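Colleague: One structure coming up, written as structure tokens, with questions to follow.
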Amino acid sequence: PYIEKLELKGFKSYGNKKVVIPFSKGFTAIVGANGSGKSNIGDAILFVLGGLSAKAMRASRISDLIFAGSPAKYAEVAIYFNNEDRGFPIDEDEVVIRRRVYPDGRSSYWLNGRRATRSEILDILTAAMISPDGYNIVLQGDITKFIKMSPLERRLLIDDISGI
Amino acid sequence: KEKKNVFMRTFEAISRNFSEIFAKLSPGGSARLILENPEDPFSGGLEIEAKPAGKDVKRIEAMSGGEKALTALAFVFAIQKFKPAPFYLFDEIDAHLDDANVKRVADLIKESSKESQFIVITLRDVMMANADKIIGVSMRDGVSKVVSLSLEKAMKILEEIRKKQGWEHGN
Ligand SMILES: Nc1ncnc2c1ncn2[C@@H]1O[C@H](COP(=O)(O)OP(=O)(O)OP(=O)(O)OP(=O)(O)OP(=O)(O)OC[C@H]2O[C@@H](n3cnc4c(N)ncnc43)[C@H](O)[C@@H]2O)[C@@H](O)[C@H]1O
Ligand SMILES: [Mg+2]
């Protein structure tokens, strides 16, 4: 599968109204001045795919992800996957996952327009070979994680890829 | 036995990929993946041994930031070639690399994008130039917004960024 677009509402620096962010099936480059909000788009992806670590998304707690210019009633991200390849074990050409977090720290999830649990979301993503923290997601300043990891951690990554 | 067999097929594929890709990204250099315990791999780790200039290994700890990044990138792409992930998200992975090296990385991304989606945040023209689509981010009155950008517009934006002291990640 691949990401067709994100929809952000009340998410970090993106304001109170719904922001649509489309991607090429191939190679999309994201450019913009220092501090303009680029990495926050990556954080939207971590968030909607079930990220439980506020710190990974540079927040003290998950509610800190809610837009406050100097706030929103909650933060929400929707991610739209093209699933024509049936990578997701769902008989639909589109798989839409949505996560909303409230000021009290609780999250609601939707899968294809129906309420879902976190584990339900995680399981479908795992089946599709996608996770908030896979080797395929390289956050700012973290490319050398692959050379910093122990030889043992490095082999375990290959265990995973091999499917064993 | 059976798990060992699946592992070894995967390992040899990724190992060969890694060596080829490292040599591509660093012309004149070479690198290898090594199982700490080839007899029972599951009893040991997986090491990287690199010769950035082709003769003489350079220990990881003695590598420059650029050397570390290239080594890590060769590894990520070695996996990608064997088993393309649905998407990759790379945030300023070109820090500490000169234009020559960033171009080689960008070329590898372009080729790999036939099989996986790549989303790359970058301040580098030589990274951006052949992207299929460009998203522009800007902040006004504390709020971020995105637009779609043409290459000509994106280039002007990067020109303005490169003019300011310390634009690069890590400053
Ligand atoms: N709830 C909310 N409501 C409203 N607004 C919200 C919000 N949550 C977040 N925001 C806003 O989102 C904006 C940031 O968006 P963000 O998406 O992080 O902006 P960016 O375009 O990715 O900016 P840069 O990568 O250039 O980071 P920077 O140099 O500006 O960062 P810093 O000075 O800290 O850099 C420090 C050093 O570390 C490096 N660095 C920068 N970012 C990272 C990172 N993500 N990981 C590791 N190192 C980093 C830099 O190069 C530098 O060396 C901020 O204005 C923030 O207030
Ligand atoms: Mg950033």
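Chains as they are written, first to last, in the authors' numbering: chain A, 2 to 71, 76 to 169; chain B, 1007 to 1177.
Beta carbons are placed, not taken as given, at the ideal position from N, Cα and C, and that holds for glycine.
Runs of 3 residues minimum, wholly inside the segment 1039 to 1070 of chain B: which ones carry the beta strand (DSSP E) assignment?
Modeller: For the segment 1039 to 1070 of chain B, whole beta strand (DSSP E) runs of length 3 or above, ordered along the chain, are 1052 to 1057.
Colleague: Can you tell me which of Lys-1139/B, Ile-1163/B, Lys-1169/B and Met-1161/B puts its alpha carbon nearest to the alpha carbon of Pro-23/A?
Modeller: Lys-1139/B
Colleague: Suppose the cutoff is 6 angstroms on Cβ atoms and the five residues either side in sequence are ignored; what does the same chain contact list for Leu-1095/B look like?
Modeller: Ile-1125
Colleague: Looking at chain B, which residues of the segment 18 to 38 of chain A have a Cβ within less than 9 angstroms of any of its Cβ atoms?
Modeller: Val-20, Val-21, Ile-22, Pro-23, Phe-24, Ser-25, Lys-26, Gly-27, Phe-28, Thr-29, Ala-30, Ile-31, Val-32, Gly-33, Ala-34, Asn-35, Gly-36, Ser-37 and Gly-38
Colleague: Residues in the same chain with beta-carbon distance under 6 angstroms from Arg-1130/B, minus the five sequence neighbours each way, listed in chain order, please.
Modeller: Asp-1100 and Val-1108
Colleague: Using only the alpha-carbon positions, how far apart do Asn-1043/B and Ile-1127/B sit?
Modeller: 38 angstroms
Colleague: Can you name the residues that DSSP bridges to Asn-87/A?
Modeller: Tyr-3/A and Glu-99/A
Colleague: Are the C-beta atoms of residue 998/B and some chain A residue less than 8 angstroms apart?
Modeller: The question about residue 998/B has no answer, for chain B in this structure spans 1007 to 1177.
Colleague: Nearest chain A C-beta to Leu-1079/B closer than 8 angstroms, yes or no?
Modeller: yes
Colleague: Do you know offhand how far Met-1133/B's Cα is from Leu-66/A's?
Modeller: C-alpha of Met-1133/B to C-alpha of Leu-66/A: approximately 30 angstroms in a straight line.
Colleague: Flag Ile-148/A as yes when its Cβ comes closer than 7 angstroms to any non-hydrogen atom of ligand 1, and as no otherwise.
Modeller: no
Colleague: How far does the alpha helix (DSSP H) with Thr-1016/B in it reach, from first residue to last?
Modeller: 1008 to 1031 is the extent of the alpha helix (DSSP H) around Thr-1016/B.
Colleague: So which of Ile-95/A, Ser-37/A and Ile-63/A has the shortest CA-CA distance to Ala-132/A?
Modeller: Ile-95/A
Colleague: Find the nearest neighbour of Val-1153/B within the set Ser-14/A, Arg-105/A and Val-21/A, judged by alpha-carbon distance.
Modeller: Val-21/A
Colleague: Confirm the yes/no value for this check: CB of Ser-64/A, any heavy atom of ligand 2, distance under 7 angstroms.
Modeller: no
Colleague: Using only CA atoms, which one of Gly-146/A, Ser-136/A, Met-154/A and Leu-161/A lies nearest to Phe-48/A?
Modeller: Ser-136/A
Colleague: Along chain A, in chain order, which residues have C-beta atoms closer than 9 angstroms to that of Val-1012/B?
Modeller: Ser-167, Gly-168 and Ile-169
Colleague: Please list the residues of the segment 135 to 151 of chain A that have a C-beta atom closer than 9 angstroms to any C-beta atom in chain B, keeping them in chain order.
Modeller: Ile-135, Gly-139, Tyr-140, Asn-141, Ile-142, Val-143, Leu-144, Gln-145, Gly-146, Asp-147, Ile-148, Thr-149, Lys-150 and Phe-151
Colleague: Short of 7 angstroms in beta carbon distance, which residues of its chain neighbour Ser-1032/B, apart from the five on each side in sequence? Order them along the chain.
Modeller: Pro-1058 and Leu-1076
Colleague: Is the Cβ of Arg-159/A closer than 8 angstroms to any Cβ of chain B?
Modeller: yes
Colleague: What do you get for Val-1012/B, buried or exposed, if any count of 16 or more other CB atoms within 10 angstroms of its CB means buried?
Modeller: exposed
Colleague: Give the secondary structure of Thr-131/A by DSSP, where H, G and I count as helix, E and B as strand, and everything else as coil.
Modeller: helix
Colleague: Can you give the beta carbon distance from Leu-7/A to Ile-84/A, rounded, assuming they're within the 8 angstroms contact cut?
Modeller: In this structure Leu-7/A touches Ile-84/A by the C-beta definition: roughly 6 angstroms separates them, less than 8 angstroms.
Colleague: Hey, which unbroken runs of the alpha helix (DSSP H) at 4 residues or more fall wholly within the segment 1095 to 1124 of chain B?
Modeller: 1105 to 1118
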